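S.K.: Partial complex follows, first chain(s) only, in situ:
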Amino acid sequence: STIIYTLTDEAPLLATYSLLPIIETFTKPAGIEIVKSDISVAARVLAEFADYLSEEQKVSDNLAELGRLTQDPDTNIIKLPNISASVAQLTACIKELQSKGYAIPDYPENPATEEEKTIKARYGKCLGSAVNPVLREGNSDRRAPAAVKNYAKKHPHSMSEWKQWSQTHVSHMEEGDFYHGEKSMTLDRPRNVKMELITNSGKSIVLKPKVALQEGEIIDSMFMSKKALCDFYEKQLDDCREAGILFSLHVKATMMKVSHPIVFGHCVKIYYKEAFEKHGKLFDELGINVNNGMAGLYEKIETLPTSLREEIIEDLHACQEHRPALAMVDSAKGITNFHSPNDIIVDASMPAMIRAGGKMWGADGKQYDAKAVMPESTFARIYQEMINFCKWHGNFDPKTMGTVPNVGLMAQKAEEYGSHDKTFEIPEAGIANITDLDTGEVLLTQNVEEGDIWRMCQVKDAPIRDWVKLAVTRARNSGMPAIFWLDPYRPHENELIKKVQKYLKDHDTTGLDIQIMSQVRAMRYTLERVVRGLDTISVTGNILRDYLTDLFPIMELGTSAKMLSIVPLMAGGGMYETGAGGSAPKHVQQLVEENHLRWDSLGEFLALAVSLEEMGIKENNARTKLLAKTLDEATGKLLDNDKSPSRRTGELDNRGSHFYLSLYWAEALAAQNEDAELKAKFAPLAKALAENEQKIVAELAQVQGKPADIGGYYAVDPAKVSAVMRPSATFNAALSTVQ
């Protein structure tokens, strides 16, 4: 029975030339095979371009095979960070690969004809986040493990002071946003619909030609009213200045690539209304779309005569005199919260600011209270209920606060995160219809005006169905209550409540404590419990999941990055993501130049454990469970004993951290008394590692402070790399025992 282990890019790739031998040896006695699977940029490129490759140059398309493998129930994947390649990276990977003699073609950035057309679209399949969509087949089980929860408590991170009299607060819309206008239904039949506006005059513009819907599919029709948004802005701006407080705007433009830059840019255009009105005639001429941050406005006015440009810059600053003070991204370099919408990212900025005791940065480099403006009311009210709790009760106590794991609905681009291609800036006032394009039947009608933001969402029944099963599962396996966060007064969430109530009957929920309440009622029910050191599972839709697996982690642990990221696959298999972060190119630099790798592998240590525990459950395997239970104990110890890598050079790096993990794990499997036959195999290793502990760490330290040739970058050399990453002679020897 197999664990598939991804050989990704850059830093965590290097880590695993070290760690995987350790993994292979600990897992053998449980009858666990460990298969490599290469899905690097490099690998994925050579797959797409087999037509250009020699015969034994060719490579198997692993991502594809992984994809198929999603359907097999036995499947068990440990997925590490990997590159979601930018153009620059790919052109580089391309150019490195060519040098190694793979005659793939260049990257025609601007095609000139024939194949350049089709190639740039065939390199396209490689650009961006190619991998996550293929692998993430079935909802989020996400939580902090005991190992980390408990270390957190003994070793609490910093939590700034919440003054009982703080003036920080969330500000959202009360009417005219998506929420308050929202309309939704669950389909009772399959349908083919179009998103069609009927011009107030009668002209019929189609905005989205065909969208296929299945029975049971929940759909929502939702729009942001430009007029309401702008009144709310103007009113809240004035409000903020009258309060003598930082004005801030928290948005997720990196996901909602269509929806949110619009909402963002209207804040800018309004704040500086006085200057835009006088200069809109030039900005439009200059192709200035402030939707993508004020940054661009400045870059383009640079070509202006120093006289004209000096006028605009004066005219802008002039708005500050009647406008409120702005939250900064870089106080010192004058970067405001309007510089790019991709700077202040809502689900990370809000907990960051609440950690900091409800504070944000002013242009004088010092903290003040802030109005956190989140126009769309739906998902903002959550954060305000917390804020109210924290004035009252002070900031959270990580020594004693509970845990809030999140079972999140997200399968098949569920809900808000599927509607990127179904969102439109309205052309003219009219009627916005979702219409059955076969029967002509109109399903949902909206009252819209010019420049409104209209979007259609959907979530399918099988995802919803699985999500209810996973909620009940986690409730059972953990003892925690599970709370469904769903507003009855929100059409969509009513539509979910209809499903949730019905599918709960399809499962054995007798022992358990499972409830459905309001978002804000659930948020407080959870809070009242956390603070008493109790635990509660959040069961939430797709966006709340992205929000709460940043928010509650930050409070409990100080990061959002030492978490179990599990995707229990639809077919009954599992995937274990070791981390949300990048593959960290910077660490790779330190390895090449001065043989030190500061990459932390704590995420892998943790993925491996559940991976084993869960394979331990399905396949009914005692061995495995012990490997989990013990790898549990060891990782705590690795944390207690400060043995995670240092960011220095000379000191312990990624390899030494593997060693100590190998040590405390072997030791645990030696001292354990559940499987005598395991002890026998592991006790000699435990002694070899204990005994030569320092001889080994020395052997490891010995190599640092000089370069390290790894035979490539996007295309590393497996011999060279295995040398560099497994350089201790004594340590390699210790593994070759175990009998």
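M.R.: In hand now; what should we look at? Numbers count the residues shown, from 1 in each chain, chains lettered A, B, ... in the order given.
S.K.: okay but residue A:369 is in contact with residue A:168, surely?
M.R.: Yes - contact status for residue A:369 versus residue A:168: in contact at 4.5 Å, counting by C-beta atoms under 8 Å. Every residue, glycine included, has its C-beta placed from N, CA and C.
S.K.: what about these two, which has more around it?
M.R.: Legend: neighbour count by other C-beta atoms under 10 Å for residue A:369 and residue A:168, higher for residue A:168 (25 against 20).
S.K.: what about the spatially closest residue to the more buried one that is not a sequence neighbour, which SS state?
M.R.: Take residue A:168 and drop its neighbours on the chain: the residue closest to it by C-beta to C-beta, 6 or more residues apart in numbering is residue A:358, 3.5 Å away. Following DSSP: H, G, I helix; E, B strand; the rest coil, the label given to residue A:358 is coil.
S.K.: residues touching residue A:358, list them.
M.R.: Going by C-beta atoms under 8 Å, 6 or more residues apart in numbering, residue A:358 touches A:162, A:166, A:168, A:369-370, A:387, A:390-391.
S.K.: between the residues you listed, which is closest to residue A:41?
M.R.: Closest to residue A:41 out of these is residue A:370 (39.8 Å), distances taken as C-beta to C-beta.
S.K.: And for the closest one, the neighbour number?
M.R.: By the criterion of other C-beta under 10 Å, residue A:370 has 27 neighbours.
S.K.: rewinding a little: take the contacts of residue A:358 and keep only those in helices.
M.R.: Among these, DSSP state H puts A:387, A:390-391 in helices.
S.K.: Run through the residues that contact the spatially most central residue of chain A.
M.R.: With distances taken as C-alpha atoms, centre = their mean, chain A has residue A:580 as the residue nearest its mean C-alpha position (5.3 Å). Applying C-beta under 8 Å, 6+ apart, we find residue A:580 in contact with A:560-561, A:565.
S.K.: Chain B next, sequence below:
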Amino acid sequence: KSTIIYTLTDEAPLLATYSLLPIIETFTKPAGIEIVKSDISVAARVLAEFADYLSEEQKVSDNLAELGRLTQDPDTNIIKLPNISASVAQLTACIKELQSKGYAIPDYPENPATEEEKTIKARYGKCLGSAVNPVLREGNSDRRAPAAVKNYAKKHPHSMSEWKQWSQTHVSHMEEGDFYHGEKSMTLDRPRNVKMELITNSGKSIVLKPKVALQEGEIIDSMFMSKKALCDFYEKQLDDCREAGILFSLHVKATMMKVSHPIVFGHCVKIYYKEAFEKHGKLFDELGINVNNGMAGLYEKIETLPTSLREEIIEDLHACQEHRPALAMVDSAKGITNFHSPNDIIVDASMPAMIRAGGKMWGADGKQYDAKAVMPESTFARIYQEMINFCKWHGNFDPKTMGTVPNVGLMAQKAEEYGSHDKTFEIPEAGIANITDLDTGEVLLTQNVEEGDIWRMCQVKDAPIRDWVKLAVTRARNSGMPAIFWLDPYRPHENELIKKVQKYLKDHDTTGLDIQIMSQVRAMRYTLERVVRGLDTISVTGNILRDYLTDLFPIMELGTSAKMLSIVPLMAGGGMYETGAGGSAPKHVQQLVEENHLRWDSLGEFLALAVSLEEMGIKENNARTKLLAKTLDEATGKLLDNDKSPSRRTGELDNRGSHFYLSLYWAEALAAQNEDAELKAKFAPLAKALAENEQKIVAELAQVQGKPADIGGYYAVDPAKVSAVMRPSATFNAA
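M.R.: Okay, here's chain B dropped in alongside the others:
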């Protein structure tokens, strides 16, 4: 007949009722309704008390004691109006209005000789204080906004100040060390006798309270406020409020927690002025200064000291504010701060008042500022904070659209905190605080106490709790409103209640009903989300929350606490109906003697009647009262739409016509009515006879004059001379 008793009280209430009583009888005679009188005035109660000293046409029925017996007649029906809680000199000014009228009664001047001088002393203490309300309030409270008043509100909203979403205003309470956070309680299965005994660390035995009878099912508490914790709190929070730049305030209720809260209050002062006090302490001590009763008495007592020292004391006090925060003010102009008396900023009035104002208390400059509202005792303070956060978020309430929050309230037999007068002690020395069985020596409940902590034992009996449940149910049944019990599961005492309620709810048909149990703060938020949506929620609460919430919500709904149904549904099945809680305000008796003018106190009675009829309706199933109720409510309603309610003037308005006008109106709707042929009217001696001549009664007694009329007496007055005033026309009594 099925009957309705009516109380003739004291002063201006007594007056206004010789006027509008005979204009009842009229609309109630066709309903098969009698109206017996009951004189329980200050003046009439001494006459029954002291009757050994009078002749026998000079002799009276003891009208208070008769009502005592009446509480156990399943059908009784009573409308109680304000009356004087007799006093120091107001029994002596009325220990004389008969000696002038001819009645052989004792004088009462203390410092008494050899013993029927201590015994007549004791023997007319009878009629001192609120000695009439504990006779009559026999079983918990039904308190809601009557339909007439609520509707006038949504049509004529009062002012609600803005709540900025950045208000700094908040409640500050103790998180540890306070009664709540260290509470213990139990429910008895056995009747017991207990003592409250201190066990000195050395072993010494101090009996604080020798004997306390406890019956089966009773719920008792042992709680303590730890003086160290309370003062650390005050210190920490004084710093906080100063670093904040906000006003500092102290909301307690010294007028009923007569023992407990003055101590808590006094500590806030001594801590505030710690610099001055830690220097003049010896001197303040020699003088008797007990700042527990407020700075007021300190300034009165340093008046004896010579001017050089007095002003050195006054300066040292004042020099504290350099390192303290600013106080909330009771009277900006006359320089009266929070701390003058503990009876000025009374919590359940001061806190809604504050919230209505946008979260504001007054600075010393007559201007309005943000405030820390310090309620040290955590138990009943968190709800206010919950409201404040709600309003910061959503703005203040909108009277036009918002719903109601009636209140079913546990209070029978001095339930909860309000009966622990005689069971609260400031602890003499550190040791062990025991509730201990006088028969078996078992220690039922124990606490660790130190020097100067406050310790009290609260009890609530089971018979009140059962009624209190049945009442919450019948109100839920008879109104279609959801009803939430307000109960902390994490608070020993309330959790002890949750166990009874859960058990007792089962004993009523609650099949249609929506009846849940929530933590005070959950309950609060929930009913808050519903009012804002114009939805209604009955609140079912403890004794303190019954006192708090019946001010908080009607202040938001109607801008007054004093326009409310106060129904005490009696244990035996019947019911008493209370017009108001306000004073008799004797100041307005003179405006009806020196001149002719009185006060607005009529409105409460109109409403006491509308329910007294409506519930009489289904109690002795009488189609003939359900009518008069709903038509009386229509009538009183437009008596408000048309500004026909009493005036401060002298042209004018008072009960005289507001009086009359609803005769015009509670006839208006009785003739125009059609469901019915019995009461077809028949009340057509016609309403339009008060509309034939409908600007003349008004003028016939406009000429009534002001200048003077005499009631010929004040407390005891005759029955042939307030006719020629309260009943001054000729055209009036006619129709």
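S.K.: quick one: the residue nearest to the centre of chain A from chain B, how far?
M.R.: From residue A:580 across to chain B, the span is 32 Å (C-beta to the nearest C-beta, to the nearest Å).
S.K.: With residue A:382 instead?
M.R.: 13 Å.
S.K.: ok, that residue touching residue A:547?
M.R.: Yes - using C-beta under 8 Å, residue A:382 makes contact with residue A:547 at a distance of 6.8 Å.
S.K.: Of these two, which one has the most company?
M.R.: residue A:547 (25 against 22; other C-beta atoms under 10 Å in any protein chain shown).
S.K.: what's the closest non-adjacent residue to the more buried one?
M.R.: The shortest distance from residue A:547 to any non-neighbouring residue, by C-beta to C-beta, 6 or more residues apart in numbering or on different chains, is to residue A:347 (4.7 Å).
S.K.: again with residue A:300
M.R.: Excluding the flanking residues, the one nearest residue A:300 by C-beta to C-beta, 6+ apart is residue A:286, at 4.6 Å.
S.K.: ok, now residue A:27?
M.R.: In space, residue A:27 is closest to residue A:34, 6.1 Å off (C-beta to C-beta, 6+ apart).
S.K.: now swap in residue A:692 and tell me
M.R.: Excluding its sequence neighbours, the residue lying closest to residue A:692 (C-beta to C-beta, 6+ apart) is residue A:730, at 5.0 Å.
S.K.: Please, which helix or strand holds the residue in the stretch 501-650 of chain A positioned nearest to chain B?
M.R.: Using C-beta to the nearest C-beta, the single residue of the stretch 501-650 of chain A nearest to chain B is residue A:524, 7.5 Å away. In this structure, residue A:524 sits in helix A:519-530 according to DSSP states H and E.
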